[PDB]
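Here it is, the structure, as structure tokens.
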Amino acid sequence: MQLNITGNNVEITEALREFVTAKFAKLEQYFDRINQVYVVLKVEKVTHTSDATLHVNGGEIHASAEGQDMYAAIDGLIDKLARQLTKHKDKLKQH
Amino acid sequence: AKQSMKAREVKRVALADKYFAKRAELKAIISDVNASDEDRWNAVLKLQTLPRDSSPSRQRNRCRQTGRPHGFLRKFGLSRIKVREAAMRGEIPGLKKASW
Amino acid sequence: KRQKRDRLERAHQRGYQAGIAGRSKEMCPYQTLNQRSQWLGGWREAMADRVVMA
Amino acid sequence: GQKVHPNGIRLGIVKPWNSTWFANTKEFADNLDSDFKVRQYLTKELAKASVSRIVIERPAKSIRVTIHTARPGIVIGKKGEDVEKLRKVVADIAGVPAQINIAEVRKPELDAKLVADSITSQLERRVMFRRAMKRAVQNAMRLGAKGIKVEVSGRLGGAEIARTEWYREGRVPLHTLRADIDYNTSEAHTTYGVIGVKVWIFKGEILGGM
Amino acid sequence: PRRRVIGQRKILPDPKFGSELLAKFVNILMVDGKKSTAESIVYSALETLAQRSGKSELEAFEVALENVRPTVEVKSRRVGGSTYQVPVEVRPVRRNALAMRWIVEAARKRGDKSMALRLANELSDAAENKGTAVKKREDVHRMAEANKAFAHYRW
RNA sequence: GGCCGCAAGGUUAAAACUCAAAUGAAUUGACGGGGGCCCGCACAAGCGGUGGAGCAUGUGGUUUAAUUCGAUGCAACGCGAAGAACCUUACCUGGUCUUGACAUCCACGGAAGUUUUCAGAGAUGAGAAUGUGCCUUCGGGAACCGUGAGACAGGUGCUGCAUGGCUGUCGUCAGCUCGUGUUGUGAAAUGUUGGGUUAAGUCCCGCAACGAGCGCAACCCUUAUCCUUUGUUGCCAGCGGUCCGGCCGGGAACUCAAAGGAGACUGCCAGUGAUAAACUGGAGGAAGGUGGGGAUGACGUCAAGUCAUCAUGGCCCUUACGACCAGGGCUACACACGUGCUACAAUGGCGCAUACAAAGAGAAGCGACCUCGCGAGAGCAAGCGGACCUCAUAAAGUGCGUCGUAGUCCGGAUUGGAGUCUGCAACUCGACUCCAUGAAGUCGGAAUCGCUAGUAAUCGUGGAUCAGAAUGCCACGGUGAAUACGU
Ligand SMILES: [Mg+2]
Ligand SMILES: [Mg+2]
Ligand SMILES: [Mg+2]
Ligand SMILES: [Mg+2]
Ligand SMILES: [Mg+2]
Ligand SMILES: [Mg+2]
Ligand SMILES: [Mg+2]
Ligand SMILES: [Mg+2]
Ligand SMILES: [Mg+2]
Ligand SMILES: [Mg+2]
Ligand SMILES: [Mg+2]
Ligand SMILES: [Mg+2]
Ligand SMILES: [Mg+2]
Ligand SMILES: [Mg+2]
Ligand SMILES: [Mg+2]
Ligand SMILES: [Mg+2]
Ligand SMILES: [Mg+2]
Ligand SMILES: [Mg+2]
Ligand SMILES: [Mg+2]
Ligand SMILES: [Mg+2]
Ligand SMILES: [Mg+2]
Ligand SMILES: [Mg+2]
Ligand SMILES: [Mg+2]
Ligand SMILES: [Mg+2]
Ligand SMILES: [Mg+2]
Ligand SMILES: [Mg+2]
Ligand SMILES: [Mg+2]
Ligand SMILES: [Mg+2]
Ligand SMILES: [Mg+2]
Ligand SMILES: [Mg+2]
Ligand SMILES: [Mg+2]
Ligand SMILES: [Mg+2]
Ligand SMILES: [Mg+2]
Ligand SMILES: [Mg+2]
Ligand SMILES: [Mg+2]
């Protein structure tokens, strides 16, 4: 799992970087064969947003989530990818 | 484009084509192999003296409608944008969409 | 890519496949009696083969 | 998605150009800037003369400019006092001897550009945008448009959020190339910002390039 | 594709031996559009095939071709978690295409000096059941023989 | 709490607290690891790549005085930029300016120009010479300059989540709707479903629907064949002449040039089919069923993209967020990602010899021939606003020779030395040339992309931008495959 962070209208400090990396380290337990993955953080007026895209072994998984903070945004996002990753795995280990 | 930027292009044209001959002949001796070392050396000091903005390489083709510095076309003197805008009205004689 | 495949043959193999997978005759999508005959023809051939499969 | 300029696409097929001269690269860009200026000037100061089109030819070290209007009286004047003035102050900027003509627009309600402004004016006078739009489509078909469509967009009735509304009636087939459809636009400048207007008028299909 | 491809092409026959078969063989060896270069390489091989078997060319190159054509290949098919290799007849035209491909593939994977040498040697070895080319066919045939039970599925 | 039960428990049966809803049936969509049917380089069948190396280039990161601003899943990352040494340039540092570099208005002064010296990096400041114009009716108005006042100009400052305009995207997918009628208490429904058919809501037959509109197709450009007219700067079949070069007189055939026409419509013929729509095959024909390629993008979606093309609501700055200048920066480099180029060799490297294109550009521009130079180039100077002149000799190919499988006679990065050209000027930071140097690289893990025919692969040529600065972009021909059983 190779990571990449963007900021569209956000300064990526070294909480928001450290935080996001730890939260994403979980995802590998849902599907072992994750490759490079790109993350994007936005602030438009009052809306905090966070989308990521995940290149996986035979697929491309994407989700985005909106919080009232960016942490709460990223918290939301990790729950969305978890479910998609599990769905993927299960329609490969399909015996 | 900032009014100022449009303006400089006028200051720069005007000079360029006033000292045009002075530069040319003052250059002409420089590149003359078969000339006085005394002459040519003077020239080199004399060219660098008369003003920078009077060189033709110093100017930049800007759309003569909006002032844009990028995407210029010589045939029309307009930016790609204004060319398209006018093309579609039929204000550019002949011009029209093409297929082959 | 340039021209549509034989409609009768396709109809016969669609019949076979619903057959093996164990759908009922009377799922047949054809009323064109010509294509219909192909569909059922497959479906009944397939009924034989299921037996000797597991 | 996006849509091709209905005038532009039909240029050779069934429409004419507005400027018709020939030039080599040397003076091509220069005739364009010259033309621009004359239109920029005329439209400015004929604002209130209902002017549709300014077609403009350069015959042979000269320039004749033939300017379509549905109020020719107001352009001409008292046996042509204003027209000669325009002439005087065109040759000023054309840089050559100029002459001017006055084409007559008989049916101003069947002229994309005229109707377009008609609305843009109303909207500037805080008129209800639906009334303007609705009125035009009536007038047009009443006078024998085979079809008509008008779109208007921006901060309609000063709304904090922008939207886009349009009526059509009759045929307006944009994909058919021989179809003479007259199209034009006009920005309106309310206190909320710009409201754009666009108008399509179908007059029927043509059977000859001419 | 889902519909039927209409309009088969026309291979012109060889300038020399006037065979559509050999003409195909050239195309298969051909690289980057260089048809003449390939035309040479091919003839110079057959020379050197002819010059040892002494059995003509359009009749020697054949004998290689027969030692190596397959008659039964395997198709893969996903069944449960597993993938069933299943044996199928080979079409005449296909087994030509495969023989000609396997011969070329085997040639290139050699250490000889010219391309022409590699082809020649390979065609010769083919005629006496020897090279990688012919090894490959043997292996193909082994696999279809193994999982014969899946001969009659239609699935 | 009472009663019942061996127990498990049953039975009767509250309150505090807390929410503004919780629920039933039906409706339109969306979704299903639900079903049916059709398609698609979707898989399959195949060909060549990317991921490894060196280099080019964009982005992220770090760095910086500054590394200008924007584009960010598919649909940002050779993207706006079709071309940052200066300029451009919006950024940094330092030096200056204040009704202002860019307008209109007013008063006053002075024709406008032209030529010089000095100080300064330059902006600018201070001098010096020369000049006195054109209608003005007897006041001068008209220039165009300089100083002064203030109404003002000025802002690539902010918000694309206030907007116009333009654009991507699903998707050139076959859909999306309306009037009247009918059905339902009603959201809605019918039409638009059903049987066939089609690339296609394509067409036909049915049918509480009857009709209509936006799309589909056709009209447009191009390419494939033929005919008429015209024949130079293009053409040379038959003649005659020749310095054997369409070279000359001729010729108007042919090739070609470009205006105008002809042609393809399931029209003709079998078989199938609901006496349909269509389908499958055959004929002739340059072409056959949408012949090939382009242009053309429905109602809408994503508060997608652009306030830095322009315009513009609002907000903010106004001796500074405006204006001028010199130097620097955008080209920085522990590193990560994307797009390319060149390679790793013998279907190849090197030397000699020799064939066959297309399309396009040129005005103060394209620049021959001649002379010089190993070479980049230099000097001189014909022709051409071009079917005429010039760029400008296509390359792969082909023959003959050599190298003999080597980190090589493979590769050409890196670096030293010596030059040329553009340009006030190539230190930071140009392109190219010669001599020397001769790196990584022996065909690239997991993954992953393009393409179905004149396509992929491979080889050369031109153009836009542009003083100079392509491996990018947009175009043009040469050679020219592989394989599709099938779902
Ligand atoms: Mg959580
Ligand atoms: Mg402006
Ligand atoms: Mg420049
Ligand atoms: Mg478009
Ligand atoms: Mg109790
Ligand atoms: Mg008890
Ligand atoms: Mg319910
Ligand atoms: Mg479904
Ligand atoms: Mg595949
Ligand atoms: Mg492959
Ligand atoms: Mg890498
Ligand atoms: Mg690499
Ligand atoms: Mg950036
Ligand atoms: Mg901005
Ligand atoms: Mg700079
Ligand atoms: Mg400063
Ligand atoms: Mg938006
Ligand atoms: Mg943005
Ligand atoms: Mg009712
Ligand atoms: Mg529908
Ligand atoms: Mg409906
Ligand atoms: Mg229905
Ligand atoms: Mg139907
Ligand atoms: Mg229809
Ligand atoms: Mg036929
Ligand atoms: Mg169409
Ligand atoms: Mg947005
Ligand atoms: Mg500067
Ligand atoms: Mg850059
Ligand atoms: Mg390559
Ligand atoms: Mg070498
Ligand atoms: Mg050029
Ligand atoms: Mg020489
Ligand atoms: Mg395709
Ligand atoms: Mg190339």
Side-chain angles (χ1 to χ4, degrees), chain A residues 2 4-6 8 33 35-36 38 40 44-45 47 52-53 55 57 60 62 87 90, chain B residues 1-4 6-8 12 23 33 47-50 52-60 63 65-74 79-82 84-85 97-100, chain C residues 1 14 27 29 31-32 34, chain D residues 1-4 9-10 12-13 24 26 153-155 161-162 168 171-173 175-179 185 189-196 205, chain E residues 1-3 5 9 27-31 33-38 40-41 88 91 94 97 111 113-115:
Chain A
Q2 180 200 83
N4 294 298
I5 299 161
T6 316
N8 181 98
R33 304 283 265 99
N35 299 300
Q36 43 201 246
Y38 309 79
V40 187
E44 316 314 305
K45 306 273 277 290
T47 69
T53 295
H55 294 338
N57 230 62
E60 179 178 355
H62 177 102
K87 191 197 302 188
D90 301 315
Chain B
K2 289 163 68 171
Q3 296 302 275
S4 65
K6 298 172 167 70
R8 298 177 190 170
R12 288 192 182 117
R23 295 193 91 97
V33 170
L47 178 57
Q48 67 167 261
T49 294
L50 51 79
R52 281 191 192 184
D53 279 19
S54 72
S55 181
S57 291
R58 191 90 175 166
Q59 45 230 50
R60 183 72 187 227
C63 178
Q65 270 203 21
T66 197
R68 219 174 94 109
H70 269 310
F72 175 86
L73 301 177
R74 287 179 175 192
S79 81
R80 57 191 187 74
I81 290 173
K82 302 273 55 168
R84 180 154 179 262
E85 290 191 18
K97 285 180 72 67
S99 30
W100 64 86
Chain C
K1 52 173 286 286
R14 288 284 80 196
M27 277 218 77
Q31 277 57 244
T32 53
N34 186 351
Chain D
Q2 271 68 82
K3 283 164 187 60
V4 66
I9 197 67
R10 287 177 185 68
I13 298 98
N24 309 302
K26 183 184 286 177
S153 38
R155 296 185 62 181
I161 287 164
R168 139 147 47 69
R171 269 165 52 78
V172 186
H175 280 41
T176 290
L177 285 168
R178 60 162 162 243
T185 72
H189 297 247
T190 50
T191 189
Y192 291 86
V194 192
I195 294 166
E205 291 184 10
Chain E
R2 293 181 175 295
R3 331 222 302 166
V5 197
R9 308 170 180 297
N27 292 349
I28 280 183
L29 178 137
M30 169 170 63
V31 150
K34 294 210 206 292
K35 163 77 70 45
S36 77
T37 293
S40 80
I41 290 171
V88 297
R91 288 172 283 135
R94 176 158 175 61
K113 303 285 269 278
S114 79
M115 177 66 208

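No hydrogens, no waters, no symmetry mates; every other heavy atom, side chains included, goes into these values. Chain A is the first sequence line, chain B the second, and so forth, proteins listed ahead of strands; every chain is numbered from 1.
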*When you get a sec, tell me which of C161(F), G33(F), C102(F) is the closest nucleotide to the side chain of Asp90(A)?*
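Selected nucleotide (nearest to the side chain): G33(F).
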*Rounded off to whole Å, could you give me the CD1-to-P distance for the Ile81(B) and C307(F) pair?*
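It is 12 Å, rounded to the nearest whole Å.
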Dump every N/O contact between nucleotides 405-407 of chain F and the protein below 3.5 Å, one line per pair.
from    : atom 1 : to        : atom 2 : distance (Å)
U405(F) : OP2    : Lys113(E) : NZ     : 3.0
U405(F) : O4     : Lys113(E) : O      : 3.4

*Quick one: does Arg52(B) reach the base of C424(F) with a side-chain donor-acceptor pair under 3.5 Å?*
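It does, because a donor-acceptor pair links the side chain of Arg52(B) to the base of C424(F) below 3.5 Å.
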*For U483(F), does OP1 or OP2 lie under 4.0 Å from any side-chain N or O of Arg94(E)?*
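The answer is no; no side-chain N or O of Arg94(E) sits under 4.0 Å from OP1 or OP2.
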*Pair assignment for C421(F), Watson-Crick or G-U wobble, requiring both distances under 3.5 Å*: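 Across all strands, the one nucleotide that pairs with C421(F) is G430(F).
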*Check the distance between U479(F)'s P and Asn27(E)'s CG and give it to me in whole angstrom.*
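Those two atoms, CG and P, are 15 Å apart.
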*Between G120(F) and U115(F), how far apart are the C1' atoms? Round to whole Å, please.*
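Rounded to whole Å, the distance is 22 Å.
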*Going by modelled atom types, is there a donor-acceptor pair between the base of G40(F) and the side chain of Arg2(E) at under 3.5 Å?*
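Checked by distance alone, the answer is yes.
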For nucleotides 442-446 of chain F, give me every protein contact, N/O to N/O, under 3.5 Å, one pair per line with atom names.
from    : atom 1 : to       : atom 2 : distance (Å)
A446(F) : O3'    : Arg33(A) : NH2    : 3.2
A446(F) : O2'    : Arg33(A) : NH1    : 3.0
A446(F) : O2'    : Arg33(A) : NH2    : 3.3

*Across the strands shown, which category fits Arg68(B) at heavy-atom distances under 4.0 angstrom: base, sugar-phosphate, nothing?*
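Answer is sugar-phosphate: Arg68(B) comes under 4.0 Å of backbone atoms only.
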*asked:* Which nucleotide wins on minimum distance to the side chain of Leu29(E), given the candidates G155(F), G486(F), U347(F)?
replied: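 Comparing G155(F), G486(F), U347(F) against the side chain of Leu29(E), the answer is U347(F).
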*OP1, OP2 of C466(F) versus side-chain N and O of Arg74(B): anything below 4.0 Å?*
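Looking at the OP1 and OP2 atoms of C466(F), one of them is under 4.0 Å from a side-chain N or O of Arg74(B).
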*In whole angstrom, give me the gap between the P atoms of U222(F) and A259(F).*
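To the nearest whole Å, 10 Å.
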*Using atom P of each nucleotide, how far apart are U89(F) and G164(F) to the nearest Å?*
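Looking at atom P only, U89(F) and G164(F) are 29 Å apart.
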*Counterpart base for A283(F), defined by Watson-Crick or G-U wobble contacts under 3.5 Å*: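 Its partner is none (no Watson-Crick or G-U wobble pair with both distances under 3.5 Å).
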_Any side-chain to backbone donor/acceptor pair from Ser55(B) onto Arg52(B)? Under 3.5 Å, distance only._
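It does not hold such a pair.
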_Residue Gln31(C), side-chain atoms from C-beta onward, closest of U88(F), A199(F), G195(F)_ =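 Comparing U88(F), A199(F), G195(F) against the side chain of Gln31(C), the answer is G195(F).
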_For a quick check of understanding: with a heavy-atom distance under 4.0 Å over all strands, which category does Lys97(B) fall into, base, sugar-phosphate or nothing?_
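Sugar-phosphate only.
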*Return the nucleotide paired to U479(F): Watson-Crick means purine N1 to pyrimidine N3 with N6-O4 or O6-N4, wobble means G-U with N1-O2 and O6-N3, both under 3.5 Å.*
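Paired with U479(F), as far as the under-3.5 Å criterion goes, is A457(F).
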*Quick one: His70(B) NE2 to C466(F) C1', roughly how many Å, whole number?*
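Between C1' of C466(F) and NE2 of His70(B): 13 Å.
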*Is the distance between the six-membered ring centres of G261(F) and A262(F) below 5.5 Å, and is the angle between those ring planes below 30 degrees?*
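Judged on centre distance and plane angle, the pair counts as stacked.
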_If you compare every side-chain N and O of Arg9(E) against the phosphate oxygens of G480(F) (OP1, OP2), does one of them come in below 4.0 Å?_
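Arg9(E) to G480(F) OP1/OP2: no side-chain N or O under 4.0 Å.
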*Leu177(D) side chain: which of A396(F), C325(F), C219(F) is closest?*
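So the nucleotide nearest the side chain must be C219(F).
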*asked:* When you measure from the side-chain N and O atoms of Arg80(B) to the phosphate of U465(F), is any distance below 4.0 Å, counting only OP1 and OP2?
replied: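 For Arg80(B), the contact criterion (side-chain N or O under 4.0 Å from OP1 or OP2 of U465(F)) is not met.
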*Separation of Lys35(E) atom NZ from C459(F) atom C1', in whole Å?*
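Computing the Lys35(E):NZ to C459(F):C1' distance gives 16 Å.
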*So does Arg8(B) get a side-chain nitrogen or oxygen closer than 4.0 Å to the phosphate oxygens (OP1/OP2) of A323(F)?*
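Checking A323(F) against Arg8(B), no side-chain N or O comes under 4.0 Å of OP1 or OP2.
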*Are OP1 or OP2 of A323(F) and a side-chain N or O of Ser4(B) less than 4.0 angstrom apart?*
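Checking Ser4(B) against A323(F): at least one side-chain N or O falls below 4.0 Å of OP1 or OP2.
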*Is any side-chain N or O of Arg58(B) under 3.5 Å from a base N or O of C86(F), one able to act as donor and the other as acceptor?*
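Yes, a donor-acceptor pair under 3.5 Å.
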*Please determine if a side-chain N or O atom of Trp100(B) lies less than 4.0 Å away from the OP1 or OP2 oxygen of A359(F).*
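No, no such contact exists.
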*Considering every strand shown, what is the Watson-Crick or G-U wobble mate of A199(F) when both distances are under 3.5 Å?*
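Matched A199(F) with nothing under the 3.5 Å cut-off.
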*Among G164(F), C466(F), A396(F), the one nearest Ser153(D) by side-chain distance*: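 Looking only at heavy atoms from C-beta outward on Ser153(D), the closest nucleotide is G164(F).
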*asked:* Taking only side-chain N and O atoms of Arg91(E), does any of them lie within less than 4.0 angstrom of OP1 or OP2 on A484(F)?
replied: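 The answer is yes; a side-chain N or O of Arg91(E) sits under 4.0 Å from OP1 or OP2.
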*Look at all strands and tell whether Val5(E) reaches a base, only sugar-phosphate, or nothing, counting heavy atoms closer than 4.0 Å.*
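Result for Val5(E) = base.
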*Nucleotide opposite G58(F) in a Watson-Crick or G-U pair, distances under 3.5 Å*: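 Here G58(F) is engaged in a pair, and the nucleotide opposite it is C337(F).
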_Nucleotide of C37(F), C166(F), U296(F) approaching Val4(D) most closely (side-chain heavy atoms)_ =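 Among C37(F), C166(F), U296(F), the one nearest the side chain of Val4(D) is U296(F).
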*asked:* Counting only side-chain nitrogens and oxygens, does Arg155(D) get under 4.0 Å of the OP1 or OP2 atom of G313(F)?
replied: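 No, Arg155(D) has no side-chain N/O under 4.0 Å of OP1/OP2 on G313(F).
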*Does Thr176(D) get its side chain close enough to the base of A218(F), under 3.5 Å, for a donor-acceptor pair?*
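When only heavy-atom distances are counted, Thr176(D) does reach the base of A218(F) through a donor-acceptor pair under 3.5 Å.
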*Considering every strand shown, what is the Watson-Crick or G-U wobble mate of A224(F) when both distances are under 3.5 Å?*
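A224(F) is unpaired by these criteria.
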*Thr190(D) versus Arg155(D), side-chain donor and acceptor atoms under 3.5 Å*: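 Their side chains do not contain a donor-acceptor pair, so the 3.5 Å distance test is not met.
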*Return yes if some donor-acceptor pair links the side-chain N/O of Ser79(B) with the main-chain N/O of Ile81(B) below 3.5 Å, else return no.*
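A pair under 3.5 Å: yes.
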*Please measure how far the P atom in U442(F) lies from the corresponding atom in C429(F), and state the result in whole Å.*
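33 Å, rounded to whole Å.
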*asked:* Taking only the P atom of each, what is the distance from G35(F) to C41(F) in whole angstrom?
replied: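 About 25 Å, rounded to a whole number of Å.
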Protein-nucleic acid N or O pairs under 3.5 Å, nucleotides 298-300 of chain F:
from    : atom 1 : to        : atom 2 : distance (Å)
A298(F) : OP1    : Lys3(D)   : NZ     : 2.6
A298(F) : OP2    : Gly1(D)   : N      : 3.2
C299(F) : OP2    : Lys3(D)   : NZ     : 2.7
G300(F) : OP1    : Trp166(D) : NE1    : 3.4
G300(F) : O6     : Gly1(D)   : N      : 2.9

_Side-chain N or O of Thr6(A) closer than 4.0 Å to phosphate OP1/OP2 of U72(F)_ =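 False: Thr6(A) side-chain N/O out of range (4.0 Å or more) of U72(F) OP1/OP2.
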*Between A76(F) and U63(F), how far is it from one P atom to the other, in whole Å?*
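To the nearest whole Å, 31 Å.
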*When the distance from CG of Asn24(D) to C1' of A361(F) is rounded to whole Å, what number comes out?*
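So the two atoms are 14 Å apart, to the nearest Å.
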*For atom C1', what is the distance between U318(F) and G150(F), given to the nearest Å?*
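After rounding to an integer number of Å, I get 14 Å for this pair.
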*Looking only at side-chain N and O atoms, does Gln36(A) come under 4.0 Å of OP1 or OP2 in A336(F)?*
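No, no such contact exists.
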_Shortest side-chain distance from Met30(E), nucleotide among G480(F), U156(F), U72(F)_ =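 Of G480(F), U156(F), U72(F), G480(F) is nearest to the side chain of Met30(E).
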*Atom pair CZ (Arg178(D)) and CD (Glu205(D)), whose distance is rounded to the nearest 0.5 Å*: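 Between atom CZ of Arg178(D) and atom CD of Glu205(D) there are 4.5 Å.
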*Pairwise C1' distance for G367(F) and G379(F), with rounding to whole Å*: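 It comes out at 14 Å once rounded to the nearest Å.
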*Where the side chain of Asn8(A) is defined as all heavy atoms beyond and including C-beta, which of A42(F), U309(F), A71(F) is the nearest nucleotide?*
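Output: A71(F).
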_Strictly below 4.0 Å: does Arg12(B) bring a side-chain N or O up to OP1 or OP2 of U88(F)?_
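Checking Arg12(B) against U88(F): at least one side-chain N or O falls below 4.0 Å of OP1 or OP2.
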